[PDB]
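# Observations on the model geometry
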Amino acid sequence: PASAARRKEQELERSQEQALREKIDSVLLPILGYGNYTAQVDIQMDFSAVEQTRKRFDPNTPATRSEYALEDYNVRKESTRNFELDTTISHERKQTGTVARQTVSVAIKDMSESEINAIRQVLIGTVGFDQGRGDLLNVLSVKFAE
Amino acid sequence: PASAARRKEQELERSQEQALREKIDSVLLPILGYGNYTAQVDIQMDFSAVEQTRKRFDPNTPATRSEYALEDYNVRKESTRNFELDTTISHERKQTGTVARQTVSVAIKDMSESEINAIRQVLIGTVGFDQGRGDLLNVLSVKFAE
Amino acid sequence: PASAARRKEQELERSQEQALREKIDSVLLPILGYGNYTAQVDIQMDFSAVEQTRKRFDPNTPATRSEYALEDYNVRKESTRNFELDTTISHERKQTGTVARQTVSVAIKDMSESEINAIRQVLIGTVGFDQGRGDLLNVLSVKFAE
Amino acid sequence: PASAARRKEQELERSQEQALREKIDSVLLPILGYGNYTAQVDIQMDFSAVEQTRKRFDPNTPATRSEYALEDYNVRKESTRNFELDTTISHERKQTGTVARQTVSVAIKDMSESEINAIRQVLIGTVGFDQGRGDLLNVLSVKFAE
Amino acid sequence: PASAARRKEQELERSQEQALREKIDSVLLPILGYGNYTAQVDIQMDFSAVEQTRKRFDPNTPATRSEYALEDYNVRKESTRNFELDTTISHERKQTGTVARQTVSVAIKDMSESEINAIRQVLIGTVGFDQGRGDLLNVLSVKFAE
């Protein structure tokens, strides 16, 4: 029944996180080294279904088709005009599974501020940090344990 | 009958908690160590079904189609106009199983305030702490037993 | 017949309590120890069935379609206008088995006030104590028997 | 025939009492000891069947559809307006077997007032004592026999 | 069912990234050397479906077909004209899978500013950096590990 329509979304969300983690590991491994960093990510998405239909008009450019006028003097002023305007019709079907938010957190074993800024700048391209969706990207250094 | 439509939600909710716990363990294990921390999470969700239909209009941009006027002087002032406006139709089907609230609690075996703040900042990205849904995230340190 | 529609709810309610007790035990066991605490929980739920249908209108943004006017002077002032407004239709089906109230009671074998407050703060995240549903959470220390 | 529709309720009521007694025993046994307390509970419930249908309106936000006016001076003042309002329809089916009242009585073998208050506070969470349904919870200490 | 309509998009997006990475590697390998650089890319795309229908008119060039006039003097001035205008009809079906954004990040093992600018200029042609889609291209040099 419907028990399979949600678990598929659950596995898809997990697969996205796994791919993002794999992409993250490829960049930080040769620069920081093995076992000198930890990172985890998560993605939240929605599976709604939206259909849109739009019909627009242009009132600034009217075109006349039939026109009748009467200008009786002595004072009758009668006018009857027909107009035809531009018509635009649009039909749109949205996607299902758009990414809503994305959070990335990176911890580096103990670094000055310049190196942290450089690492953040490098990771920005690798991740796709975008402010429109309210994504969060944090990178920081702490002392590990032995 | 309907006895299977709720137990599926119960197993799905448990599976979400298990995955979140597994993600939590991966980050805190190498930094804090084995047996130096405990953490548990819970998620509350709803399984409603909402359908939406919207029809919008634009009254600020009217377009004229037929127009008749009479300006008899001597004083008859008659007007008859027909208008056509923009039409927009939208149909939306919402998802079933959206997350409502999320609570995370972390206890660390005995730490200064800076380390606690750093750990909270690290866990924020790993969990997905969001203030819009009223999620709760608490991290603190207590003395364990022997 | 209908003798099975209520016993299923009875087993579901018992299963929820068992899972909550298991979650409680996992956190308090390593911090307090074996046999130094007791705790029990209960959950009350309802199994009603509610369907909702809503139809909303926007009276602040009217759009004119047909308009006729007469401004006879000498003083006839006649007007006839047709309007079209935004229409919104919503249909909602609620869930069956929502949690109404939740009570948790914890007794610790003999503790200062700070440790009690810390334990309560830890258990708040583990349980999901929410004031909207009027949930109750009590933690206290008493002297056991030998 | 109908001889089975009531005995099922009788066994369900007995099963609820048995489960509540089992939950009570689990908490008081390690704190008070074996054979130092006695307790019994009862639950009263109803098995009615109620269906509800509601139709609500919003008179404070009317929307105009058709309007005709006449303001003849010399003094005829005629108006004809049509309105459309928000419509809400709800259908609800209640549950069968809601708990009406609940009484708990606890006797402890001979205790100061503080210990009695602490025991009552512990049992409140374990039972679910609620004042809305007029539930009764009594705990007291008497001298047993030998 | 629909579980295959999204995984295909997931593999297509991964294939685009793989091809872009392969193109990147071909240029930077002979100039920088083996193991002296790291780079990763990502592409975000949408899979909507848009159909467009347009009907345009030219009101500045009207052509007369039938004309009747009356210029009675003594003063009746009556005119009745019919017009025919240019008509244009367009139907368009958009593509599915257009690229929305593109981010590239390059790190070079430790370089002056001139060499960095030259490398960025070289990579601009190889990637296709375009400001219309808000693409991001970052190139920088950091100290690696040993």
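See the structure shown above.
Below is a short write-up of the structure.

## Quick look at the pattern of salt bridges
Side chains bearing opposite charge may pair, as long as their charged atoms lie close to each other. All chains considered together, the criterion is met by 51 salt bridges over all chains. Residue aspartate 135 of chain B pairs with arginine 133 of chain B through a salt bridge whose shortest N-O separation is 3.0 Å. A salt bridge links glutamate 71 of chain D to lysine 77 of chain C, with the shortest nitrogen-to-oxygen separation between them at 3.9 Å. Taken together, the residues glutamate 71 of chain D in strand β3 (residues 63–72) and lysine 77 of chain C in strand β4 (residues 76–84) connect one chain to another. A relative accessible area of 33% places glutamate 71 of chain D in the partly exposed class. Among the charged side chains, a salt-bridge network with shared partners connects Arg7, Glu11 and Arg14 of chain A.

## A word on the arrangement of the chains
Between chain A and chain C there is no contact; the minimum C-alpha to C-alpha separation amounts to 14 Å. One thing to see here is that chain B and chain D don't touch, and their nearest C-alpha atoms sit 14 Å from each other.

## A closer look at the interface of chain C and chain B
Of the residues lining the interface, 46 residues belong to chain C; the matching set on chain B comes to 46 residues. Each partner contributes to the roughly 3,700 Å² buried at the junction of chain C and chain B, and carbon and sulfur atoms together form 46% of this total. At the surface where chain C touches chain B, the tally comes to 4 salt bridges. Taking the shortest distance from any N to any O, the salt bridge between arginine 76 of chain B and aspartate 72 of chain C comes out at 3.5 Å.

## Focus: the sheet that holds strand β5 (residues 87–93) of chain D
Strands sit in the order β2(D)-β5(D)-β2(C)-β5(C)-β2(B)-β5(B)-β2(A)-β5(A)-β2(E)-β5(E) across an open sheet of 10 strands; the sheet is antiparallel. Only two strands of the sheet have a single neighbouring strand rather than two, namely β2 (51–57) of chain D together with β5 (87–93) of chain E. On average, each strand axis in the sheet is tilted by 5° relative to the strand beside it, whichever way the strands run. Taken together, the 7 bridges between strand β2 (residues 49–57) of chain C and strand β5 (residues 87–93) of chain C define a ladder with antiparallel strand orientation. Looking across to β5 of chain C, one finds that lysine 55 of chain C is bridged to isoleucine 89 of chain C.

## With respect to the interface of chain D and chain C
Every contact between the two is made by 49 residues of chain D and, on the other side, 47 residues of chain C. Carbon and sulfur atoms make up 47% of the surface buried where chain D meets chain C, a total of about 3,900 Å² over both sides. In this assembly, chain D and chain C are joined by 19 residue pairs in polar contact. If you list the elements that add at least two residues to the side of chain D that touches chain C, you get α1 (4–32), β3, β5 and α2 (113–127) of chain D.

The rules we used
Residues numbered from 1 in each chain as written, not as in the entry; some residues may be left out. Chains lettered and ligands numbered in written order. Part of a larger assembly, values for the part shown. Heavy atoms only, no water. Salt bridge = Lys/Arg side-chain N within 4 Å of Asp/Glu carboxyl O. Helix = DSSP H or I, 4+ residues; strand = E, 2+ residues; numbered from the N terminus. Buried < 20%, exposed > 50% of the residue type's maximum accessible area, 1.4 Å probe, protein only. Contact = heavy atoms within 4.5 Å. Buried area = accessible area lost by both parts, 1.4 Å probe. Pairing = 2+ DSSP bridges. Axes fitted to C-alpha atoms, helices over the stretch in contact; angles between N-to-C directions. Polar contact = N/O pair within 3.5 Å; in protein donor to acceptor, adjacent residues only side chain to side chain.

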